[PDB]
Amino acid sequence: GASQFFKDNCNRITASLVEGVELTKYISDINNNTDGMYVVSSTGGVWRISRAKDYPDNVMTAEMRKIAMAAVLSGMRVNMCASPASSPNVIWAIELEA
């Protein structure tokens, strides 16, 4: 049950809408090769959270990390818009649902 606004914003062949995901793992990694921020779902799916140096994307990425860590802490579900082209798929948008 992603909002219709969230669905409308991720409605293209080059992006994957994924709905009602339970995230159960939140990962920070600064190892070589695998550095980044990730989440893993109850199913075992993995996404990478985008990072960005400057404004405005640095506001949105910081909020993606807060959404991700709140979902893992609370068990709230998220809906995601993600790039299918990248492995793990990179999150382009995320929706935290009560």
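All residue numbers are counted from 1 along the displayed sequence.
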Do the CA atoms of 47-55 or those of 22-30 have the higher mean B-factor in the entry? 47-55
Which is it among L73, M37, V40, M60: the one with the largest CA B-factor in the entry? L73
Third of the chain's Cα B-factor distribution that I13 belongs to, per the entry: lowest
On the chain's distribution of Cα B-factors, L96 falls within the third called middle
